[PDB]
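# Fold and contact review
Each chain, written out:
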Amino acid sequence: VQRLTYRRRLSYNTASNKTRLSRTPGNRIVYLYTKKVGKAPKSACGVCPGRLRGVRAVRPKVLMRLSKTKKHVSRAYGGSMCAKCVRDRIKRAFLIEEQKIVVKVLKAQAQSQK
Amino acid sequence: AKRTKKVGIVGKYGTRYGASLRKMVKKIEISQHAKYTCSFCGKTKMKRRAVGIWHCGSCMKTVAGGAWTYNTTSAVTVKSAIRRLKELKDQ
Amino acid sequence: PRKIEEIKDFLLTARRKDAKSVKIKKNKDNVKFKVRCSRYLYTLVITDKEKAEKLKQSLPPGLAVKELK
Amino acid sequence: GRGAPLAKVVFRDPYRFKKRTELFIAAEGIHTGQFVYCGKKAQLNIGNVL
Amino acid sequence: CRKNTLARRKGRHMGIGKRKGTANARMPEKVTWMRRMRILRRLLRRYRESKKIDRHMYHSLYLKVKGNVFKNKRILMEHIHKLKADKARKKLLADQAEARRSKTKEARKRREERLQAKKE
RNA sequence: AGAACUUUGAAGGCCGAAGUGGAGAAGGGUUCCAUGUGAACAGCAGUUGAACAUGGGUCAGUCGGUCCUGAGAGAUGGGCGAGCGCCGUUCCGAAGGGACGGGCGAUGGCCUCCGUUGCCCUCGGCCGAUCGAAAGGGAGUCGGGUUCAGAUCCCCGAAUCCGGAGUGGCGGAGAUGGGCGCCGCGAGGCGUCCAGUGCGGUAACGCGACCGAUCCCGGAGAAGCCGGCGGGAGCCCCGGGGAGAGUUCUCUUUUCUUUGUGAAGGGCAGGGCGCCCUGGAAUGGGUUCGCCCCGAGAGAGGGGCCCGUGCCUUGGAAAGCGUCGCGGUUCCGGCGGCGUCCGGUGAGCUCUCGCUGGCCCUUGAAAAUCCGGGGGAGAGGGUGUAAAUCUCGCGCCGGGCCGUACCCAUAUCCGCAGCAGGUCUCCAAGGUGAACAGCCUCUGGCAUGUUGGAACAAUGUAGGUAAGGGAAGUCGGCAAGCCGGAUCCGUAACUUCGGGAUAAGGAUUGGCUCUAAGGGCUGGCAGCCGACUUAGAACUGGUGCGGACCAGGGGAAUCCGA
RNA sequence: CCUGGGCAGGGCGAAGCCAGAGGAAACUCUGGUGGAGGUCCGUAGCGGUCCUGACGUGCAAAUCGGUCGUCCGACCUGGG
Ligand SMILES: [Mg+2]
Ligand SMILES: [Mg+2]
Ligand SMILES: [Mg+2]
Ligand SMILES: [Mg+2]
Ligand SMILES: [Mg+2]
Ligand SMILES: [Mg+2]
Ligand SMILES: [Mg+2]
Ligand SMILES: [Mg+2]
Ligand SMILES: [Mg+2]
Ligand SMILES: [Mg+2]
Ligand SMILES: [Mg+2]
Ligand SMILES: [Mg+2]
Ligand SMILES: [Mg+2]
Ligand SMILES: [Mg+2]
Ligand SMILES: [Mg+2]
Ligand SMILES: [Mg+2]
Ligand SMILES: [Mg+2]
Ligand SMILES: [Mg+2]
Ligand SMILES: [Mg+2]
Ligand SMILES: [Mg+2]
Ligand SMILES: [Mg+2]
Ligand SMILES: [Mg+2]
Ligand SMILES: [Mg+2]
Ligand SMILES: [Mg+2]
Ligand SMILES: [Mg+2]
Ligand SMILES: [Mg+2]
Ligand SMILES: [Mg+2]
Ligand SMILES: [Mg+2]
Ligand SMILES: [Mg+2]
Ligand SMILES: [Mg+2]
Ligand SMILES: [Mg+2]
Ligand SMILES: [Mg+2]
Ligand SMILES: [Mg+2]
Ligand SMILES: [Mg+2]
Ligand SMILES: [Mg+2]
Ligand SMILES: [Mg+2]
Ligand SMILES: [Mg+2]
Ligand SMILES: [Mg+2]
Ligand SMILES: [Mg+2]
Ligand SMILES: [Mg+2]
Ligand SMILES: [Mg+2]
Ligand SMILES: [Mg+2]
Ligand SMILES: [Mg+2]
Ligand SMILES: [Mg+2]
Ligand SMILES: [Mg+2]
Ligand SMILES: [Mg+2]
Ligand SMILES: [Mg+2]
Ligand SMILES: [Mg+2]
Ligand SMILES: [Zn+2]
């Protein structure tokens, strides 16, 4: 029944004025300010979309607070790939390099036989 | 139950804008709202993006198709002429 | 604030310098010991009054003690 | 304002190590991941500029 | 207010004349369908997880609950009882026929063994 | 001195959460507050006021500007112009004054060891200086109290951000292991060699830290609207307890108020995953309100990760609130006791989070800042001695400038004014009710809108009726009035087959009793616990039932415009 | 043009989806489900049809009371 009131001089329901309401220990409903949610980093331009797992999804100005455990995964290409890209790129690099070696030795045999 | 007999998907409009115009818009609305078989993953997940763009749900391989179908028949004729002129007399 | 679980950790932090306020608050079921060292508030809560008495005995006498009622 | 789709094709710079991103007009039937070939003696397929 | 709420709980002041909105406005048909079908679809889960309905009849009665056939929980439970009583008869008569065929083929195989012993 | 108007008690009313309430942006500039006067202004009046005179009042690292670009505005290079000047924003420009590393020279400080200055080599798309949001982007403060006027600013208490560290403030990582030979019973010690820019889990990934330069790549910033559905909070409902108050003509275990945990850190619920392993399915299977998913791996089992605004814990009961009692003239954010509890449920309203779908010749913004990854150029102790670095726990110092009062309005704005006019927003209770409709109440405001007293004449302005006829008045059914909500039957001509359609036309509607149906939770069918809906029947009231309010007259046609 | 804010409840019931029935097949029919639309009644909001109502030296150098049209959008609106 207690109607509550703004605290800043931001009288419009904008995107930055995205709030909640809590209860004070002095038995009074207060209008508290909520920081906007930060999303986790995501797919690297071409794989199935989905936020990368193991990263504290905060603002990048909170990533100055965040240390070097909750921003990446210990694997190489940790905080950039969701490891399905890692297991694809490793096999893709290996297969294409081995097939280029096979094409090179086939051209060498063609040079030797012709 | 067959609720509508002639209008089909166009019954969202109603009594307006003419029988011939609604009949000509019916086939291409069915064409833009129908799901199409993805040629890569084999699924039926080709959903229409903005005009000219088709998008498969699985494997995320976005393709540039026709404005109202997945492949224009004139474009298939163009593709046949391009492969014919490719393998005709070695360019 | 921070809740210290071990007795020896709170004891070593109380002997640690630049800690100017130690408050003792008894209660109907337990007792809380407060260190206001610098920008943090360290609380050792314990329910055994004999352990509270021996920790008050082992409290360093060079530092001031404030009792809360 | 354009009914034709835009195609974002990234290239490799043969002079300094940097991946250059350009904006082609998307031809009919091209898909993401298709290798677009450009140059004089490029083999004639749909999507290759020559 | 509490006396009037107790009267509404007993079922008074709810005649035809003191209705001012439509039936969909009073009790929505979508909400009635949601409650009805959630109950009729989790009773099948409590049957299937415990003992009652198997893997194959679950999907059939699932689609039959999705269709507007089963009105409520009582006739759903009675139709499950009817299907179980039909399955018991269909397996009992098949077991009787299988027992007759098994005894006939066992007698045929044993007499074939007797004639094989007579040959060699 | 003086009261229909000032103030207080009391009585009766209005605004009734879409306010006549609590606060803001623009605008006003002292109107905000206290004291005194009432000539002057307030259209009567005043002891009153936004009038007059005097004296006060706005305190910020964490509220905003300042930073960034948006549409755009703009100067130099350049071109044009008699000319103040004009065009243009990459065009026709020698439009970077920065930096890693190395070498040489000089200076200074404890010349141990470091810090500056000059020269050379090498690197370095700015999409071009600069401006442009008090609603866009933008790191980080919340709880209590304080005055006559302040409040996230002041006091107490409790936190967080951004910069600083040269003689490198304290720890902890890095970091201390293995092998050989000799002595010693052994623990251990000695000589020598080698390694040591972290570990674990099959995994998704986790931790107290984890060398990183020019360069490259990626993400955040960074996205439309509308349905649905689920979780969380706040408010509302009910049952019991505790504290105070109202009624008692009679009844009423009755009626009204209240019944607390902030930011921050840890743990545990709940939600979610297009995240992994085992494992292979068809008699196809699993799940949604709707969908959807599955051999490119479904069901099932075991895991991992994200949000955790929810609960507990330090904060935190010493405050705060209710109630009772006691001391000081006063000053003391006095003094003492008790309580500040147990639960249930929701087509309940608002906000928030998450999943999914639809709509499109509409694809729904950039930049400042910040992070990760690839690359290994380089750096350091090299041994029984400890470094190169730390995005880990602490500790120390600083955060400059500007605005902060009040109205935000049928009286502080604009309209010549205390003008039925206009001006952009957040919060929203109880009942009836589909409804944030209309009506009556609660918190909270008010004196009826620049005057009072007496009577109820003509005429007028708004409201309601009227025997019989029902449009005969009038250019014309102008105005006014009939149907109006809901449930159950039934719906024509025509037609673009969608509609017309709530066509038209009939019946019922109150009160009080029952009956039937629609659910959840436990045990190997039985037993416990609650919501508002539908249908049927009986009894009865002066045919009375949408009882106020809420609110479609209908049909046949012609012309025009889809 | 950029940047933000807002729009109570009900009625009609499109595509898709489920189940059942008829038939020899082609195919047809029935009950749900779904929530489509420059869709209907209607509030706030925006405009102003009629009473040619009230004023008409008015509150106002254009306002007010009923009766109104539209209200998910070719919608209304602040700032630059
Ligand atoms: Mg802002
Ligand atoms: Mg429905
Ligand atoms: Mg008066
Ligand atoms: Mg009075
Ligand atoms: Mg208001
Ligand atoms: Mg004043
Ligand atoms: Mg006067
Ligand atoms: Mg006076
Ligand atoms: Mg004055
Ligand atoms: Mg301060
Ligand atoms: Mg700020
Ligand atoms: Mg110019
Ligand atoms: Mg010039
Ligand atoms: Mg600027
Ligand atoms: Mg104030
Ligand atoms: Mg405060
Ligand atoms: Mg710091
Ligand atoms: Mg919800
Ligand atoms: Mg809830
Ligand atoms: Mg918390
Ligand atoms: Mg203020
Ligand atoms: Mg006014
Ligand atoms: Mg006004
Ligand atoms: Mg209510
Ligand atoms: Mg009701
Ligand atoms: Mg509202
Ligand atoms: Mg007035
Ligand atoms: Mg008459
Ligand atoms: Mg009469
Ligand atoms: Mg008549
Ligand atoms: Mg007549
Ligand atoms: Mg006439
Ligand atoms: Mg009329
Ligand atoms: Mg009458
Ligand atoms: Mg006729
Ligand atoms: Mg009609
Ligand atoms: Mg004619
Ligand atoms: Mg027209
Ligand atoms: Mg419409
Ligand atoms: Mg109509
Ligand atoms: Mg109408
Ligand atoms: Mg007008
Ligand atoms: Mg008017
Ligand atoms: Mg007139
Ligand atoms: Mg007159
Ligand atoms: Mg209207
Ligand atoms: Mg109307
Ligand atoms: Mg309408
Ligand atoms: Zn695909």
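Residues numbered from 1 in each chain as written, not as in the entry; some residues may be left out. Chains lettered and ligands numbered in written order. Part of a larger assembly, values for the part shown. Heavy atoms only, no water.

Per the deposition metadata, cryo-EM was the technique used to determine this entry, at a resolution of 3.6 Å.

## Observations regarding the environment of B:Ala67
Residue and element names in this part refer to chain B. To be explicit about the condition: Strands here are runs of E lasting at least two residues and helices are runs of H or I lasting at least four, both read from the DSSP assignment and numbered beginning at the N terminus. By the convention used here, residues are in contact when the closest approach between their heavy atoms is within 4.5 Å.
For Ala67, the location among the structural elements is in the loop between β3 (63-64) and α2 (73-86). Distance from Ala67 to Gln32, taken between C-alpha atoms, is 8.3 Å for residues 35 residues apart in sequence. Leave out the neighbours within four places in its chain, and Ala67 touches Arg48, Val51 and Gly52.

## Quick notes on a positive patch on the surface
Inclusion rule: Exposure above 30% relative accessible area and the absence of a salt bridge qualify a residue for a patch, where like charges join within 9 Å and nonpolar side chains (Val, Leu, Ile, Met, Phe, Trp, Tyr) within 5 Å. Only the protein chains shown count as covering a residue, and every accessible area follows the Shrake-Rupley method with a 1.4 Å probe. Salt-bridge detection follows one rule: a side-chain nitrogen of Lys or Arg within 4 Å of a carboxyl oxygen of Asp or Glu. Charge convention: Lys and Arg are scored as positive, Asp and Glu as negative, and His as well as the terminal groups of each chain are ignored. By convention, the point assigned to a charge is CZ for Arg, NZ for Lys, CD for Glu and CG for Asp.
Positive charge collects at one region of the surface, where B:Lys2, B:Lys5, B:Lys6, B:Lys23 and B:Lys27 lie side by side. For B:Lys5, the position within the fold is in the segment before α1 (19-33).

## Some details on the protein's contact with RNA strand G
The cut-off we apply is this: We call a residue near a molecule or strand whenever a single non-hydrogen atom of that residue lies within 4 Å of it. Polar contact is defined as a pair of N or O atoms within 3.5 Å, subject to the rule that within protein one atom must be able to donate a hydrogen and the other to accept it, and that residues adjacent in sequence are counted only when both atoms are side-chain atoms.
In the region of RNA strand G, 23 residues are neighbours, and B:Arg3, B:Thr4, B:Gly8, B:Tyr17 and E:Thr22 sit closest. In RNA strand G, the atoms that sit within 4 Å of the protein are 76% sugar and phosphate, with bases accounting for the remainder. In this structure, a base oxygen belonging to RNA strand G sits 2.9 Å away from a side-chain N or O atom of B:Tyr17. E:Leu63 is positioned with one of its backbone polar atoms (N or O) 3.0 Å from a sugar or linking oxygen of RNA strand G. Counting only elements with at least two residues in the surface near RNA strand G, the list comes to α2 (23-26), α3 (29-50) and α4 (55-66) of chain E.

## Overview of the protein's contact with RNA strand F
Inspection of the region around RNA strand F gives 143 residues, with A:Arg53, A:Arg56, A:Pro60, B:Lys43 and E:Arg45 positioned closest. Each atom of RNA strand F within 4 Å of the protein was assigned to sugar, phosphate or base; sugar and phosphate come to 73%. A distance of 3.2 Å is found between a sugar or linking oxygen of RNA strand F and a side-chain nitrogen or oxygen belonging to A:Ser67. With respect to RNA strand F, the backbone of B:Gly57 contributes an N or O atom lying 3.1 Å from a base nitrogen. Of the residues forming the surface near RNA strand F, the biggest block, 12 residues, is contributed by α3(E).

## A look at the packing of aromatic side chains
This is how it is decided: Note on ring pairs: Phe, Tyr and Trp rings are taken, using the six-membered ring of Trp, and paired if centres are within 6.5 Å. Classes follow the plane angle, with under 30 degrees stacked, over 60 edge-to-face and the rest tilted. We call a residue buried when its accessible area falls under 20% of the maximum for its residue type, exposed when it is over 50%, and partly exposed in between, using a 1.4 Å probe and counting protein chains only. Each ring is checked for a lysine NZ or an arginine CZ that lies within 6 Å of its centre and within 35 degrees of its normal; such an atom marks a charge sitting over the ring.
Counted according to the given criterion, the structure contains 7 aromatic pairs over all chains. Taken together, a centroid distance of 5.6 Å and an interplanar angle of 65° make the contact between D:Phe11 and D:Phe24 edge-to-face. Here D:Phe24 lies in strand β2 (residues 19-25) and D:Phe11 lies in strand β1 (residues 6-12), a separation of 13 residues in the sequence. For D:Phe24, a relative accessible area of 24% corresponds to the partly exposed category. Ring geometry for E:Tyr58 against E:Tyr62: centres 5.9 Å apart, planes inclined by 35°, an arrangement best described as tilted. Taken as a pair, E:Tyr58 and E:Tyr62 lie in helix α4 at a separation of 4 residues, close to a single helical turn. Under the relative-accessibility criterion, E:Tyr62 is labelled partly exposed at 22%. In textbook terms, an aromatic cluster arises when at least three aromatic residues are bridged by ring pairs, as seen for A:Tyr6, A:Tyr31 and A:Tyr33. Lying across the ring of B:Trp68, B:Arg48 places its NZ or CZ 5.1 Å from the centre. Looking at E:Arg48, its charged tip hangs above the ring of E:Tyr58, at a distance of 5.3 Å from the centre.

## What about the pattern of salt bridges?
Residues and elements named next belong to chain E. In total, this model carries 5 salt bridges over all chains according to the counting rule given. Among the salt bridges present, the one from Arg48 reaches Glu49, with a minimum N-O distance of 3.7 Å. A salt bridge links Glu106 to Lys103; the shortest N-O distance between them is 3.9 Å. Of this pair, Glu106 and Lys103 both sit in helix α5 (residues 73-119), 3 residues apart, which is roughly one turn of the helix. For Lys103, a relative accessible area of 56% translates into the label exposed.

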